[PDB]
Amino acid sequence: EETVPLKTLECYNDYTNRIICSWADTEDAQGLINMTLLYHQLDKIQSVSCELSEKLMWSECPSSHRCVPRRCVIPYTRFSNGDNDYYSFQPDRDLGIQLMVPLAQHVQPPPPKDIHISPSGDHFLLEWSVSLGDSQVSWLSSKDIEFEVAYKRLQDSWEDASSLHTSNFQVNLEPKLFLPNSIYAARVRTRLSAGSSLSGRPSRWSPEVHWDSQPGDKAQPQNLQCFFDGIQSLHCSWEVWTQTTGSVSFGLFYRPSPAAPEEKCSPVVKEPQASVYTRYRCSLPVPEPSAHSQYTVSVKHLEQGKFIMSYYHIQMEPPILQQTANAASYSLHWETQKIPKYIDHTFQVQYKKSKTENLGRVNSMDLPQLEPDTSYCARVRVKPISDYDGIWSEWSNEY
Amino acid sequence: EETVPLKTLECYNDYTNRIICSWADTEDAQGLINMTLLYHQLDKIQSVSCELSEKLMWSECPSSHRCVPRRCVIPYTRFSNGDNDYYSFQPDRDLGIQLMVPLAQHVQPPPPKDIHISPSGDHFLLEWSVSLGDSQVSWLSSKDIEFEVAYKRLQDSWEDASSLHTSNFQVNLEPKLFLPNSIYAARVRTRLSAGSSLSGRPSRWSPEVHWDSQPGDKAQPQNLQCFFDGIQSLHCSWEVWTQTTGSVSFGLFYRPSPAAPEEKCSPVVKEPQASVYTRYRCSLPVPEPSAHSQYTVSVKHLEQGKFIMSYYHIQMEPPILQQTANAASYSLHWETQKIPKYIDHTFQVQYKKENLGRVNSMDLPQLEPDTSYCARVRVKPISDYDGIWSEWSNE
Ligand SMILES: *[C@@H]1O[C@H](CO)[C@@H](O)[C@H](O)[C@H]1NC(C)=O
Ligand SMILES: *[C@@H]1O[C@H](CO)[C@@H](O)[C@H](O)[C@H]1NC(C)=O
């Protein structure tokens, strides 16, 4: 803990009259403060007139710093064997600071600790402990002490968070104080009674405690918060559970007064977001704020749909197959039909053992020849065409 | 942004009797919400009955998602060229949310902005603006608005920060609201005057803005503060300018009542701490605190110095020479005198790169090649008195 100039001191007597001393100060520090040397002989005080060499005569500056050299001579007409020398350092300007601290108005109580989060039931049990030692009466007790607990959900900063005050050493937390599907954090600090004489800083913030809020519907949007900027705009925000947003789309509808036609807010903005909840905000103009105006705002699901008509057609059909080679096997026939009656067909056939041909709307088609192996295989389909559209029917019977 | 069921919906038809449709919901959603499919016709609406499919018949799943297909059939005998087929998805539950907001009581004023940090010679000016609109009567103007500024040192957390309340669009920040050479930050928000009928939330914070406070001694330590933990202890903390600790040590002292003798509080603990400052802390005890007990705490410079006496000495010690190279080569003379006379002397001569007595002359064996030079000596005390070996002489 030794200061620089004192370690850099060696002072050696020349024995005629004088004493010569060599010391140093740091080279960043000479700018901030200068030092004067004190020579102590019985009662004298006596500040030493100092000068600065280019190098420490008798010592080495600590190599971390680089040093500033000093060379001082103290003329001493007479020594003795009993002369007694002490060299001390002090600053040339009297610096230091002093504070009056009335104990009453400077009390900062001890923090709470041993802090446990437990559910007992529908409720949530926040507990803490505080060490006042003893005596039971020493300067503070159950009075004048009180407590402040702050809870918030993780994504929130503490700066804005709700707060409770109990003289009790535990507080019961129930929902409606909480947004269902999120992680919450709580911490306690010890506060002085507003209702007491004693003044000062609140206790250190306790360590945090984390827990998951009661479960919730998850499909439903939550956190509907709408606020008015006092000039012709109202800003509403809400949260939906992220996994829902593929299933449902939401939008925000307002009516001024519970009379006016419902009106749709745009735009709706999507906060990015990686969180388990996804936040949404929309700002709606409010052009004629009445004195007492009650806007009524709701989050309803947007509409999702399409026209399919038809124009869209599938069906399906069987051939009857009366042979496999080694004989005269003529044509093929398709039974059902499922008879459409309005609209054209363009039936399709295939054969052998990817080999096909295109056809008209004909209840049967003729085969050129096969011979060895077996008449097999041949399959059919039907695709509505011309006026009407659709998709090929699933394949039939055989292979 | 269209839901995965609307993307995945393909209804296709077999004109005889029924229609069949294929669609999906997100994998994730499966535990969460049951969607239903609606067949829109004319007057009817009529929710489709659907069941779960192994695969999506006519559609690929949306590129991002993975999905869970449904297959739905509907018994429709009657058709037409004019027929209008519309299918729409909706959750089966009534799920949705409705909130009334009387404007008067939920108001979040426009935040401060275009905020400037302004120094004067002595004071500190703090500027901003607020956009309040027109007509000059809209619902709030000079009132029901108020203000709150927080300022803190760059190193502090805003959680603990000093706050101020004005009705005005600027403030003059007295120094002595501010520690000396150091860097402060500040922000402002708009609030509602207590007098207001309007209720709401204080506005968002204006942006932070940064400046460095009045210059100061800097050799002096600032920011002494002490707290009484209400049982038997008082905790103090102070800063110094870090590169001062090379020149000076400080310590913490206390007087319970001024009349009382100064005690030195120990140990003094130093925080590292990364900055231009270095923070120190020390906690000192208490007696029974008197109800009004007044304590006095000071940081002074700790005593710094070391003893010498003599018991330390140094000197210089000339020889004269008889000659060099081939005339008389033995002994040497010493001078000066320079008379200590109280103490042992033990001068020492060397040619070799030899401890001698209080004697002022040495003799040597010699050689007589070459030339005698160079020959050195030294002067010091042993026994009762002591010092550093003197510098060699004239050689
Ligand atoms: C040290 O002394 C010189 C003149 O003797 C002066 O210019 C300088 O400012 C002093 N240093 C400090 C830190 O005051
Ligand atoms: C709605 O979803 C639940 C999920 O638990 C499912 O069991 C139920 O069958 C669905 N509703 C109907 C009417 O099938």
# chains A, B, ... in the order shown; residues from 1 in each chain; ligands from 1
>>> residues_near_ligand(ligand="ligand 1", cutoff="9 Å", atoms="only C-alpha atoms and all ligand atoms", output="list in words")
residues 29, 30, 31, 32, 33, 34, 35, 92 and 93 of chain A; 219 of chain B
>>> select_by_dssp(residues="segment 26-106 of chain B", states="helix (DSSP H, G or I)", output="PyMOL selection string")
chain B and resi 28-30+103-105
>>> select_by_dssp(residues="segment 147-201 of chain B", states="strand (DSSP E)", output="VMD selection string")
chain B and resid 147 to 153 162 to 164 170 to 173 183 to 192
>>> closest_residue(among="A:246, A:283, A:270, A:262", to="residue 232 of chain A", atoms="only C-alpha atoms")
A:283
>>> residues_near_ligand(ligand="ligand 2", cutoff="10 Å", atoms="only C-alpha atoms and all ligand atoms", output="VMD selection string")
chain B and resid 30 to 36 49 to 51 92 to 93
>>> atom_distance(atom1="atom CA of residue 38 of chain B", atom2="atom CA of residue 90 of chain B")
7.7 Å
>>> atom_distance(atom1="atom CA of residue 389 of chain B", atom2="atom CA of residue 305 of chain B")
24.0 Å
>>> closest_residue(among="A:244, A:293, A:298, A:155", to="residue 263 of chain A", atoms="only C-alpha atoms")
A:298
>>> closest_residue(among="A:42, A:150, A:74, A:291", to="residue 22 of chain A", atoms="only C-alpha atoms")
A:74
>>> decode(residues="segment 190-306 of chain A", atoms="C-alpha atoms", output="mmCIF file, in the first residue's frame")
data_model
loop_
_atom_site.group_PDB
_atom_site.id
_atom_site.type_symbol
_atom_site.label_atom_id
_atom_site.label_comp_id
_atom_site.auth_asym_id
_atom_site.auth_seq_id
_atom_site.Cartn_x
_atom_site.Cartn_y
_atom_site.Cartn_z
ATOM 1 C CA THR A 190 -36.532 -3.289 2.881
ATOM 2 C CA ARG A 191 -37.978 0.152 3.173
ATOM 3 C CA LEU A 192 -38.340 2.612 6.018
ATOM 4 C CA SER A 193 -41.812 3.363 7.330
ATOM 5 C CA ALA A 194 -43.192 6.414 5.587
ATOM 6 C CA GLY A 195 -44.799 6.664 9.019
ATOM 7 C CA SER A 196 -41.578 6.962 10.977
ATOM 8 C CA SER A 197 -38.938 9.430 12.105
ATOM 9 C CA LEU A 198 -36.035 7.601 10.456
ATOM 10 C CA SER A 199 -34.753 8.736 7.072
ATOM 11 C CA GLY A 200 -32.565 7.233 4.379
ATOM 12 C CA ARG A 201 -31.939 4.893 1.515
ATOM 13 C CA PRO A 202 -34.046 1.754 0.983
ATOM 14 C CA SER A 203 -32.295 -1.566 1.410
ATOM 15 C CA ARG A 204 -30.252 -3.238 -1.309
ATOM 16 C CA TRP A 205 -32.503 -5.007 -3.920
ATOM 17 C CA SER A 206 -32.853 -8.705 -3.006
ATOM 18 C CA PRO A 207 -31.671 -11.394 -5.437
ATOM 19 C CA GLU A 208 -34.205 -12.213 -8.106
ATOM 20 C CA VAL A 209 -36.515 -15.154 -8.075
ATOM 21 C CA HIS A 210 -38.088 -16.650 -11.239
ATOM 22 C CA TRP A 211 -41.333 -18.608 -11.784
ATOM 23 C CA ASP A 212 -43.986 -19.422 -14.467
ATOM 24 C CA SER A 213 -47.425 -17.887 -14.223
ATOM 25 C CA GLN A 214 -50.632 -19.903 -14.182
ATOM 26 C CA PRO A 215 -51.422 -21.508 -17.554
ATOM 27 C CA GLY A 216 -53.855 -19.895 -19.979
ATOM 28 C CA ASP A 217 -56.048 -20.321 -23.051
ATOM 29 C CA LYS A 218 -53.228 -19.514 -25.502
ATOM 30 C CA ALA A 219 -55.481 -19.295 -28.504
ATOM 31 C CA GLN A 220 -56.970 -16.038 -27.202
ATOM 32 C CA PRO A 221 -55.035 -12.812 -27.595
ATOM 33 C CA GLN A 222 -53.968 -11.112 -24.402
ATOM 34 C CA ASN A 223 -52.584 -7.892 -23.009
ATOM 35 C CA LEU A 224 -54.990 -5.437 -24.644
ATOM 36 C CA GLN A 225 -53.542 -2.045 -23.909
ATOM 37 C CA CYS A 226 -54.800 1.124 -25.605
ATOM 38 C CA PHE A 227 -53.580 4.664 -24.737
ATOM 39 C CA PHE A 228 -54.443 8.211 -25.927
ATOM 40 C CA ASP A 229 -51.888 10.811 -26.926
ATOM 41 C CA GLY A 230 -54.164 13.734 -26.245
ATOM 42 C CA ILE A 231 -53.953 14.737 -29.882
ATOM 43 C CA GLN A 232 -56.167 12.839 -32.343
ATOM 44 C CA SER A 233 -54.478 9.382 -32.035
ATOM 45 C CA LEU A 234 -55.035 6.282 -29.944
ATOM 46 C CA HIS A 235 -52.444 3.491 -29.745
ATOM 47 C CA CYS A 236 -53.525 0.006 -28.843
ATOM 48 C CA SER A 237 -51.154 -2.960 -28.387
ATOM 49 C CA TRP A 238 -51.831 -6.664 -27.843
ATOM 50 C CA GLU A 239 -50.107 -9.997 -27.540
ATOM 51 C CA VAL A 240 -50.836 -13.324 -29.117
ATOM 52 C CA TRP A 241 -49.090 -16.677 -28.362
ATOM 53 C CA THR A 242 -46.749 -17.177 -31.324
ATOM 54 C CA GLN A 243 -47.724 -20.688 -32.360
ATOM 55 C CA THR A 244 -51.303 -19.573 -32.813
ATOM 56 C CA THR A 245 -50.425 -17.074 -35.654
ATOM 57 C CA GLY A 246 -50.266 -19.838 -38.262
ATOM 58 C CA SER A 247 -53.764 -20.902 -37.294
ATOM 59 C CA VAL A 248 -55.501 -17.512 -36.887
ATOM 60 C CA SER A 249 -54.953 -13.941 -38.076
ATOM 61 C CA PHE A 250 -56.004 -11.032 -35.828
ATOM 62 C CA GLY A 251 -56.859 -7.413 -36.377
ATOM 63 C CA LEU A 252 -58.101 -4.631 -34.227
ATOM 64 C CA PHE A 253 -61.472 -3.009 -34.527
ATOM 65 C CA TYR A 254 -62.699 0.148 -32.863
ATOM 66 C CA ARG A 255 -65.897 2.053 -32.488
ATOM 67 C CA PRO A 256 -66.153 5.530 -30.952
ATOM 68 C CA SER A 257 -69.139 5.170 -28.633
ATOM 69 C CA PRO A 258 -71.093 1.934 -28.432
ATOM 70 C CA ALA A 259 -73.186 3.017 -31.397
ATOM 71 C CA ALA A 260 -70.954 3.878 -34.346
ATOM 72 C CA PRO A 261 -70.223 1.392 -37.072
ATOM 73 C CA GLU A 262 -67.339 -0.828 -36.121
ATOM 74 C CA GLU A 263 -64.215 0.408 -37.836
ATOM 75 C CA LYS A 264 -61.030 -1.443 -38.730
ATOM 76 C CA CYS A 265 -57.605 -0.277 -37.697
ATOM 77 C CA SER A 266 -54.672 -0.297 -40.051
ATOM 78 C CA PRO A 267 -51.976 -0.920 -40.135
ATOM 79 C CA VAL A 268 -51.171 -3.654 -37.712
ATOM 80 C CA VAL A 269 -47.497 -4.037 -36.993
ATOM 81 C CA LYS A 270 -45.667 -7.265 -36.295
ATOM 82 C CA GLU A 271 -42.972 -7.082 -33.603
ATOM 83 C CA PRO A 272 -40.354 -9.419 -34.861
ATOM 84 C CA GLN A 273 -40.227 -11.495 -32.418
ATOM 85 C CA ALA A 274 -38.285 -14.500 -31.044
ATOM 86 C CA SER A 275 -40.284 -14.523 -27.824
ATOM 87 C CA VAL A 276 -42.968 -17.088 -27.010
ATOM 88 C CA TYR A 277 -45.515 -14.267 -27.200
ATOM 89 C CA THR A 278 -45.690 -12.046 -30.282
ATOM 90 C CA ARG A 279 -46.635 -8.415 -29.819
ATOM 91 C CA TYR A 280 -48.903 -6.400 -32.075
ATOM 92 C CA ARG A 281 -49.647 -2.695 -32.232
ATOM 93 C CA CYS A 282 -52.012 -0.537 -34.224
ATOM 94 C CA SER A 283 -52.685 3.219 -34.058
ATOM 95 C CA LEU A 284 -56.147 4.528 -34.962
ATOM 96 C CA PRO A 285 -57.075 8.187 -35.595
ATOM 97 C CA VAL A 286 -59.479 9.725 -33.054
ATOM 98 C CA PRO A 287 -60.554 12.935 -34.820
ATOM 99 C CA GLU A 288 -63.193 14.265 -32.471
ATOM 100 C CA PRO A 289 -62.426 13.424 -28.868
ATOM 101 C CA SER A 290 -65.593 14.134 -27.040
ATOM 102 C CA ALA A 291 -65.478 15.356 -23.472
ATOM 103 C CA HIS A 292 -66.354 11.945 -22.035
ATOM 104 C CA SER A 293 -65.546 9.869 -25.163
ATOM 105 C CA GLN A 294 -65.410 6.125 -24.584
ATOM 106 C CA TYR A 295 -63.839 4.301 -27.441
ATOM 107 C CA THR A 296 -64.620 0.600 -27.455
ATOM 108 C CA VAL A 297 -61.800 -1.555 -28.816
ATOM 109 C CA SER A 298 -61.750 -5.267 -29.585
ATOM 110 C CA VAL A 299 -59.413 -7.830 -31.127
ATOM 111 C CA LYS A 300 -61.384 -10.162 -33.420
ATOM 112 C CA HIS A 301 -60.037 -12.731 -35.838
ATOM 113 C CA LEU A 302 -59.578 -11.630 -39.398
ATOM 114 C CA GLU A 303 -61.403 -13.453 -42.185
ATOM 115 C CA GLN A 304 -59.866 -16.229 -44.133
ATOM 116 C CA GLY A 305 -61.521 -17.854 -47.145
ATOM 117 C CA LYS A 306 -61.758 -18.473 -50.894
#
